[PDB]
Amino acid sequence: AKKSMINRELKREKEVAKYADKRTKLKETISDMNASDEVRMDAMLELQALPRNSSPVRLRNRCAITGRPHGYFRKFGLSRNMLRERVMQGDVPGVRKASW
Amino acid sequence: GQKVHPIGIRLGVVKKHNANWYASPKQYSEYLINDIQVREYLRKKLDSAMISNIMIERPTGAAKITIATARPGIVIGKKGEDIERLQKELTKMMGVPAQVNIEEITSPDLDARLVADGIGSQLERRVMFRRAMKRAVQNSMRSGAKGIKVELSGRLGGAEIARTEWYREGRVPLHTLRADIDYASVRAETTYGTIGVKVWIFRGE
Amino acid sequence: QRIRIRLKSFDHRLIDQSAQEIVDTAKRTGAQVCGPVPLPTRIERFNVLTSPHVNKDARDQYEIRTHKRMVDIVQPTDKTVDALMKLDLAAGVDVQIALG
Amino acid sequence: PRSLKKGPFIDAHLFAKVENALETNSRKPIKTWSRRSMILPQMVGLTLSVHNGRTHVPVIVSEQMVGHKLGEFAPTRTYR
Amino acid sequence: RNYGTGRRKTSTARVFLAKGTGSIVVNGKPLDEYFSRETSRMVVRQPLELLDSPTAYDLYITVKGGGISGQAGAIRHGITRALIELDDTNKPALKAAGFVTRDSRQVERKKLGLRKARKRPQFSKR
Amino acid sequence: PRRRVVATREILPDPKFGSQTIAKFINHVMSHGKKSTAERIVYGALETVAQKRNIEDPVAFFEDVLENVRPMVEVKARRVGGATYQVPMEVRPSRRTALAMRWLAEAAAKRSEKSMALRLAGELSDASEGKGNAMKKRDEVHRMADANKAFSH
RNA sequence: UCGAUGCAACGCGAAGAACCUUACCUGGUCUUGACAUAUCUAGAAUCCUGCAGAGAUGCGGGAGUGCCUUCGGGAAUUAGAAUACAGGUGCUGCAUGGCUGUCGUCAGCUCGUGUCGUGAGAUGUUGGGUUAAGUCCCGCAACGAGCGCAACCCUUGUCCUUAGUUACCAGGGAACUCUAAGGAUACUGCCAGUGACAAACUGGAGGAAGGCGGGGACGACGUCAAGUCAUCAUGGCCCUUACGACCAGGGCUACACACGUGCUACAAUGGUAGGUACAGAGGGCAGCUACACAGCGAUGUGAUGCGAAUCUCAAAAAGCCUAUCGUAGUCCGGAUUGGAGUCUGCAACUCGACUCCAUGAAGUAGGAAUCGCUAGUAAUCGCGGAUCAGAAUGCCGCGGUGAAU
């Protein structure tokens, strides 16, 4: 993909890493039943006031090598194209052609 | 485009993976990405010394990289001062010590990657493709390969229409699963485009 | 003190020898050991499109097996534990120790 | 729709524009792009200018439009 | 106490032959209660009855896996394996019936691009 | 196929009569691989006709109706130099039984009785005396064979 | 938005568009730039903040002073000072590499030497058989070889051996199933015939398996200037305060229409309501949840076990027994619409999936035409997984029942 889009994913993940802990504590606060109703309402208001890219939902998994969004595998972290290239070269441990 | 990778189809029957570690489903992706990064860095850096079989096996953080080259002397350096820099550069972009222990190819005419990269270098030196191909065939055959096939594909000699040429000597039986066929595919960036070089070296059973 | 060693790898002919020498070194030190039980290997399959653009009908089917073995030292000895801690096996096989 | 336990959703930036509009009791059409904010009876009576992708079409809010999202009255596609 | 092991497409059964009245207990339950299929009941009781001895041997079957008819086939195979144990003269008759052969038929795998093992999608010339 | 003649499969008999003929008819009634449903349809039909006709052994009655439905001469298309000739030929016994069973099932599938088992029993009864759509189809096939009766190639 | 266009485009790239993805439109913005190297000015980076704005961004206040060498200072680091440049999913698949489809898993396709012909070429490779096969045998101016076929690989079918937990239960046991490694067997091996004294074929025994036991992967030389410059790489052409870059909203989801793939049906071989059974495979800390309570339900709260042969997803459904419906546009069908909710998520209007109540549309078997399938197959029934915060009727698999010819 475009170098701009790769850097855009990087800067989108930077904010996620920067606000990872704040989101966790705030989420526990808003889901706390013992917490006061106005307290959890204000905490949720802050959560909706957080910067947009801080959410781990706007993150799109991309191939590490090519940056391709479509055809991604979590276990390997690469798009289907270069995944096949490296498996066939033998660079990917354990993985081989299957038949049954 | 109708042929299976000779290495890949033989990955479990007679060949072995050139990456021998184990990971957990979550750790495996980052191990693989770091592995590919190290491989591309090595293949760009040691582009002078003819390395062909960099193998990555990482036991519990510490890794044991094993590069096999036809010219270990140049890549090791004087008293071993280039190898230490390579060691620390590997360690910097991996986790913890990457012990790179370096093998030696005692027959560079039987390794497909060395043959392919030699033909590629000759092609980028504006050498006749037919002569480079025939020279590689002769070299491998008289060095003792039971068979060699070399395919040159692209705008050969500046030709506007790309074409595929190839020479075969010996057997090189691709469909035999136990055939011990080394295979390499490289590219020569000439002044008219990319010329693909494929080399099959069949060595036994 | 009944220790349990658990071996997990991708190569099935690596765990066989890894467990073979573990059981041999734990039975040659005057200790009784039960043979390496094999636990059901996990096979993960992947469907990777081979064409770079189109014709979804063409794809490679890959698999990765995760083989697992287990050995138990029913009665341990000091001459078994010392010889076991020196048996530094790695590079392909994960070994987990129950230690009890 | 949404969850009742979560509560009504209104964007903070437009909620500030209406807390700076119902005290003042102005009739200036508040120009907004957040179509994802639900009309609450707090600003019932006044006017907003909701972006429909191309322009900021005017929506005068009424008494029977509360509970809806601001975009419901700003169609984006043109059939004919 | 003759012991037989029978196998079918996915079910595996282990049968225990012992001379008795003719009662058959499958998975700690009577055969009729276990098998609501009349065909399955016949399939289980067939190896006993082709050679004219249904009420001669007590059977203790334990089945696992498979389906209602796969388990019946597995029990038939195991009963044949146990019958050949007490007497080898019954083996020719069992072979002529075709009960000693283990049906190797298995579910054919689904292939790539095919909707099933062999079912392909609709084809259009245009 | 084009080269060999396959060895036919063995069909195990029906559980409640022990007859491969009734088993094969149960197969012809079957759909979606439901042996139990087909078997109860056929058994309901058989018990209905047996209780109505006061016959102790109905397998012989089924053989009688089957041989009554079976045709003997079927018309086959032949090609001789571009001419399509409808030559009447004999029916091999396996095809005889298959055609009879298929005709019985397809005729019983279109009647007006409430249950399919009742429909099948009524059709068996009707073809026993010599009526019903199975009989009409057999008569139609015989009619075409006799209508040609002029090509003995 | 772009590509794919006869077979071999049309549930195709896309293994999953609310934002993101995103490549398109509207508007708001930046110009060595979001990203690499050359550089010199200050600072450890880094953290917490206020306001304005839709956000990108803009203007301000506090804490910290790294580490090794030490007064040259260095791996990283924030804001530019400028030239190189970067960047481009912009164009040319008819300049290309790599990758793929397809004829076609069809049995072919060639070469060396010899010989024949002025020659292009021929022979071999043709012929008699035989085979799934240029498979094999015998003939034969051919003699040989190579890539293809076959075999070697994986899975399943029987047995043996090592092993017995978290697996198993015949009498704690080391029997059995199972699990997962290593092997045994199968070779036309034996018998009878037919066959050129052949290859081979036909039948039979034994055996779990008989002739290629079943399934897969493996795709020759080449053909379509076949597909892909939008995975990637790359020759050339083109744009560099813009065709590059950032943000918000919208669109990719519009529908007089047409076609391609499907799903659900049109019911009685069925619908509904009660009981009662029988799987496999796969997933689970980026989680699955025992159990209890609350709720009509989706779900919610507490809590337990489990990185799993231990705990869980999870109950398999079709099936069987009883009752009922009794052929009706219905107790069939479940679209569409109204209302009220639950989750995921900053956010469900455009434009989510489920839940509940109400509604109840077409549809009663489908024209010309046309498709798949030869056995555990078709048909039918459920169950998993990839992608994935959420979002399968698609894709990839699993087992159940199970034909006709």
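Here is the naming used below: chain letters follow the sequence lines, and residue numbers restart at 1 for every chain. Basis for what follows: all heavy atoms, side chains included, without hydrogens, waters or symmetry-related copies.
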Nucleotide nearest A/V57 (side chain, heavy atoms from C-beta), chosen from G/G207, G/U158, G/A347: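 My answer, after comparing the listed nucleotides, is G/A347.
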Please confirm whether the shortest side-chain N or O distance from [X] to OP1 or OP2 of [N] is below 4.0 Å.
X: A/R68; N: G/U387; result: no
X: C/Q61; N: G/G397; result: yes
X: A/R80; N: G/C395; result: no
X: D/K69; N: G/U350; result: no
X: F/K34; N: G/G270; result: yes
X: A/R12; N: G/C247; result: yes

Footprint string ([range], 5' to 3'): B base within contact, S backbone only, - free, heavy atoms under 4.0 Å:
range: nucleotides 47-52 of chain G; result: SS----
range: nucleotides 3-9 of chain G; result: BS-SS--
range: nucleotides 28-37 of chain G; result: ------BB--

Counter-base of G/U78, judged by Watson-Crick or G-U geometry with both distances under 3.5 Å: G/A42
Pairing partner of G/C320 (Watson-Crick or G-U wobble, both distances under 3.5 Å):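 G/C320 is paired with G/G275.
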Residues in side chain to side chain contact (heavy atoms under 4.5 Å, CB included) contact with [X], at least two apart in sequence or another chain:
X: A/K18; value: none
X: F/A109; value: none
X: B/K146; value: B/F202

Please list each protein N or O that sits under 3.5 Å from an N or O in nucleotides 326-333 of chain G, with the distance.
from: G/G326; atom 1: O3'; to: F/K114; atom 2: NZ; distance (Å): 2.8
from: G/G326; atom 1: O2'; to: F/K114; atom 2: NZ; distance (Å): 2.2
from: G/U327; atom 1: OP2; to: F/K114; atom 2: NZ; distance (Å): 3.1

Could you note down all residue pairs passing side chain to side chain donor-acceptor pair (under 3.5 Å) where residues 108-119 of chain E supplies at least one of them, sequence neighbours left out?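 Non-adjacent pairs meeting side chain to side chain donor-acceptor pair (under 3.5 Å): C/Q61-E/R109, E/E108-E/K111, E/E108-E/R118.
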Do any N or O atoms from the side chain of E/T5 and from the backbone of E/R14 form a donor-acceptor pair under 3.5 angstrom?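 No; judged by distance alone, with no hydrogens or angles, the pair does not exist.
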So if I take residues 10-17 of chain E and measure heavy-atom distances to RNA chain G, which residues fall below 4.0 Å? E/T10, E/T12, E/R14, E/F16
Between the protein and nucleotides 321-325 of chain G, which nitrogen or oxygen pairs are less than 3.5 angstrom apart?
from: G/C321; atom 1: OP1; to: F/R40; atom 2: NH2; distance (Å): 3.4
from: G/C321; atom 1: OP2; to: F/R40; atom 2: NH1; distance (Å): 3.0
from: G/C321; atom 1: OP2; to: F/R40; atom 2: NH2; distance (Å): 2.6

Determine whether any donor atom in the side chain of [X] lies under 3.5 Å from an acceptor atom in the base of [N], or the reverse, and answer yes or no.
X: D/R2; N: G/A348; result: no
X: E/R8; N: G/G376; result: yes
X: F/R9; N: G/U405; result: yes

Polar contact flag, side-chain donor to acceptor under 3.5 angstrom, B/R155-B/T190: no
Under a 3.5 Å threshold, yes or no: a donor from one side chain and an acceptor from the other, between D/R36 and D/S34? no
With positive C1'-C2'-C3'-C4' meaning north and negative meaning south, how does G/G210 come out? south
Partners meeting salt bridge (charged side-chain N to carboxylate O under 4.0 Å, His left out) with B/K15 (sequence neighbours left out): B/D180
Among all residues two or more places apart in sequence or in another chain, which pass the salt bridge (charged side-chain N to carboxylate O under 4.0 Å, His left out) test with E/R41? E/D32, E/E38
